[PDB]
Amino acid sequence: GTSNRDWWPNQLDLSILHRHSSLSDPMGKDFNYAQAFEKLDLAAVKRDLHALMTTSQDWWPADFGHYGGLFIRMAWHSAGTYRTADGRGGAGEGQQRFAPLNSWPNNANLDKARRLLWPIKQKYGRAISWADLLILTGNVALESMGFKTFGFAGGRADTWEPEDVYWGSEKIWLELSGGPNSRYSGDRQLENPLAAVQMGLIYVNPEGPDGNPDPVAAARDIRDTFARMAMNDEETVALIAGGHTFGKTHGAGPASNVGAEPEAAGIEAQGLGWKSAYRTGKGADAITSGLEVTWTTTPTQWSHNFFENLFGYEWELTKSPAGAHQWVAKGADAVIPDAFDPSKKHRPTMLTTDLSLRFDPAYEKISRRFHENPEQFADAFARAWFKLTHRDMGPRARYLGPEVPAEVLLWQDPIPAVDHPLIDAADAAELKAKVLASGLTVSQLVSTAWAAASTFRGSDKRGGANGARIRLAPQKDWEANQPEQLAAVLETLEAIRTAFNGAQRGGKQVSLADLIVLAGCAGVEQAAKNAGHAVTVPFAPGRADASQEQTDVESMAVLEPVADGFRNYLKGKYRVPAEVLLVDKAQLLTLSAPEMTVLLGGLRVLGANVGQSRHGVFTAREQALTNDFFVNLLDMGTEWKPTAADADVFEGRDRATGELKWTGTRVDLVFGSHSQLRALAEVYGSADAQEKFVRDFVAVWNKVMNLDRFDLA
């Protein structure tokens, strides 16, 4: 059946905004996963998982009699899709069980690992999500094999459909770079927001870059991709050597024996894939990656034998039984046990990417320190494994259960505890009146609160107004945030704050984070009053102020808005059209298409544009909250044409006289072009819509202000 996507393959796709409706969710509207999890007997779950580790099933026999390595790989892959550029991927939604990730080639035979967990999932039901269970299972694997983990938090609610994520433009699985849809350009520059080297890989190619078995060059890909997953050199070496302390790879015969991935398999395979024609198709005969490497002399026990081997031998290039490049220890004895035959032993082997840890000079120094000091290795690996598996969980307030680590980590963008009474409704009214009396304008107040709150992204639940990090480096100097204007607003608000807090007794105080949001609320109320309408904008106090020392400036860089259609802002010229970047931002903000539309039309008339640009300011009463954006956009009395100077800016002229009325960008005019967005604009641009527009705007404004408020959940 030919679809709209077939006919108009470049039109904008709004369905990414309308995933995760209550229609597709089997749980009731009132289901609360946190409440279910908090009553889970987590210790009982862990005992069952511990038993599972050595209870082999004949349809996928356990290597060495222990599933621990398989499950560590499973949990690593669950977390390993994460990209810092947009926060998408990661373990936090349990997306490994859906397309496409369930069928990525790098996830081969993890379908078996997930199937092994069904009995436990079935026993505990809604009290433990798949998302939490995948990570917990990796922790229990580690613990069962003698490794002390740093901790665990539950709270990853399950999702019920695939996320819409850009994973690359290639049309062939694992396509080597330089094809018509190459994700590389220039001197091996990987396109943002991607964090893997080939379509269907987690980070890098275990043979080397595009299959070339050079550990030094592989190291460059490792470093780049791991940085794009928020890991530095120390963390990267800890993770790779830690993981590859356990288990083995699978490449017992040629890869042509392996059939369809799960999404392509027959209905009779019942959700499994990669069925192999090679001998028994499993166990001793398994083929997963096509490599055949077992790293340590005790693959089911924590050790420091990975580094002992890495440094204690020299390495020779060889081929697996599937023909993949890998390495074997020169002159070594057969000291590595076989996974099924207790009469057989093997020489030590390594991947190209394992040898990167010795032959890249910066890695080598870390690896040597870990080799000489395995206690340092263990601690770094535990910390990095926690970070890996929790990176997308959001604020520590979301962390559930009895194993949450008490240590507060810089990468968590921590928010201090509140230790004092909060302002009440009367205090909030007093503060709003003081803000408005200071002379701060509607545009200032709205723009500042928008800047503070709209860094949130639901993909990894980073950002938002909590913390008042807009006053700190680097947010205070982001171009989109208008640094000089921002500085002036913050100085005025801080003076109001100081005066209010100095007059209190009893320890009541207001944070700057709360006052920035409250001041924005005052701006929206005043805009409504300018339009002839009395409204109260909801406000919830309880945000706290983070310090500079509690803020990782490098990690905060990825939250810079380089495109923010809600402020008609584009930092430079991109290949992706601006309207597509608007929809991407709306998806990060968790907005529906109606929410996006209302919010944008209101912001335009409130003065939220960066640089006080007139683009899209389709009103003669700026700083009044009206539906003028929609009424004027949809007026057929105005004709629109791209300018000569800039094809992405349009002039709106009176159709009869030629008089110039307005200018607008693609982000403005898409609302009058796209047939679904125009239908939404029409509702808000109708003669009966003033009250609806104001109410819906206040609601979406309050939603955005509260995106990071997991303390109120």
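Quick note: we count residues from 1 along the sequence shown, nothing fancier.
Enquirer: If you average the Cα B factors in the entry, which is higher, 24-32 or 43-51?
Expert: So the stretch with the higher mean C-alpha B-factor is 24-32.
Enquirer: On mean Cα temperature factor in this entry, is 279-287 or 536-544 the higher one?
Expert: The recorded data point to 279-287.
Enquirer: Please work out which residue in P374, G458, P180, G154 has the highest C-alpha B-factor recorded for this crystal structure.
Expert: When the deposited C-alpha B-factors of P374, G458, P180, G154 are compared, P180 is largest.
Enquirer: Go through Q95, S443, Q612, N139 one by one and give the residue whose Cα B-factor in the PDB entry is largest.
Expert: Of the options given, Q612 has the highest CA B-factor in the PDB entry.
Enquirer: If you rank the chain by CA B-factor, which third does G323 end up in: lowest, middle or highest?
Expert: CA B-factor rank for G323: highest third.
Enquirer: Going by the entry, which third of its chain does the Cα temperature factor of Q690 land in?
Expert: Within its chain, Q690 is a middle-third residue by C-alpha B-factor, going by the deposited values.
Enquirer: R655: which third of its chain by C-alpha temperature factor?
Expert: According to the entry, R655 has a C-alpha B-factor in the chain's highest third.
Enquirer: C-alpha B factor of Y399, ranked within the chain: lowest, middle or highest third?
Expert: Lowest third.
Enquirer: Sort the modelled residues of this chain by their C-alpha B factor and say whether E161 lands in the lowest, middle or highest third.
Expert: Within its chain, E161 is a middle-third residue by C-alpha B-factor, going by the deposited values.
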